[PDB]
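1. sequence, then structure. It's an experimental one.
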Amino acid sequence: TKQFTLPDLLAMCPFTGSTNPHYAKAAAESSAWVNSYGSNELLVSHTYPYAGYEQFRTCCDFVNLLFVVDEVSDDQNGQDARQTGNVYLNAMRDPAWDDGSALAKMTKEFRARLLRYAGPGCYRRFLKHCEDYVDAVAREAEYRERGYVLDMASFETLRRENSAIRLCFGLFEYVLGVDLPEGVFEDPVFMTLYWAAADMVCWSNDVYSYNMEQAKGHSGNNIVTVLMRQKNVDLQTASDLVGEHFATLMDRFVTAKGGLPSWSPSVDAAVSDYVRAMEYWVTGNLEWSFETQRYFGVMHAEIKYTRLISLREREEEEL
């Protein structure tokens, strides 16, 4: 198999995306903050287009910090990657903790930003998602250095955490300025929307990044690889099944959305803000994927329309 075509995820997406007007200034400041120790911030602008200046700058700094942790991690063994995670995690959990390293200082800077406006529920859930993320990144490093590909159900549990999508959803309440009450997170209809959206991001990202990951021997943390080995199907079929799974979760989302409970007028208004935020992430991640060069190369703009991934075209650009 020398080429395949990506599923038309944007055709399946009934939502209208937007961008953040504070991108130009806030992205540059966050690029400068990183450098002191633009494409990463574009994802943030697309996924948090409603965020105010200071909240959008916090979001930019946080995603960059994940990109830093992810990139240091992907180049490490299981022992070292776990050590990198514990620096991020200890600096998040413990105000007294700080080993003087660059990563701890970056973490503490972000923590201070988040703690200006984060409520007690946002911070509690966020630390919990920090522990799960670090563990999953550590394990992901362990499995990559061993050659071990997970079975599908084990893989989703792990990918849901090492994607850091629960941390990004975990900023909604910081950006919007409100803690949701615990009963909302326990409602089965709301959990349905949360997981459908979380998984839509994970699955689209994987089919888009598959070609880059496999060129780098990084493709075992990817649903396309898991589908091909667990289902014994070829690459185009794996693509096909990712498109089918995306459209089914999208069906689940638009339908569940129409059925949420009513708590109170102030809680219902915040719930609705949270749901639009999830929709914005799904759509913005699709649009950003063809705007950056990192998944599809120089032709990424044209690939938006052809959806063709070709080895010869790869060989044409590499030469």
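-> Yes, it's here. Residues are numbered from 1 along each chain as shown.
2. need the contact list for residue 69.
-> Counting by CB atoms under 8 Å, 6 or more residues apart in numbering, residue 69 makes contact with 84, 85, 88, 103, 137. No exception for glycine: its C-beta is placed from N, CA and C like everyone else's.
3. what comes up buried for the helix or strand harbouring it?
-> Assessed by DSSP states H and E, residue 69 sits inside helix 53-74. Residues 55-66, 68-70, 72-74 are the ones in helix 53-74 that count as buried (16 or more other CB atoms under 10 Å).
4. show me what the helix or strand just after that helix is packed against.
-> Sequence-wise, the next helix or strand downstream of helix 53-74 (DSSP H and E) is helix 78-93. Counting contacts by 3 or more CB pairs under 8 Å, 6 or more residues apart in numbering; DSSP states H and E, helix 78-93 packs against helix 53-74, helix 102-117, helix 120-146.
5. against residue 125, how distant is residue 182?
-> Remark: distance between residue 182 and residue 125 (CB to CB, to the nearest Å) = 9 Å.
6. and for residue 214?
-> Taking CB to CB, one finds residue 214 at 34 Å from residue 125.
7. same question for residue 250.
-> 25 Å.
8. and residue 308, by the same measure?
-> Applying CB to CB, the value for residue 308 to residue 125 is 41 Å.
9. what do you get for residue 281?
-> As defined by CB to CB, residue 281 lies at a distance of 17 Å from residue 125.
10. who has more neighbours, these two?
-> Per other CB atoms under 10 Å, whichever of residue 281 and residue 125 has more neighbours is residue 281, with 24 against 20.
11. ok, residue 284 - contacts?
-> Shown in contact with residue 284 (CB under 8 Å, 6+ apart): 17, 18, 19, 43, 45, 46, 47, 49.
12. return the member of the residues you listed nearest to residue 205.
-> residue 43 (10.3 Å; CB to CB).
13. give me the element the closest one is part of.
-> Assigned by DSSP H and E, residue 43 falls in helix 40-47.
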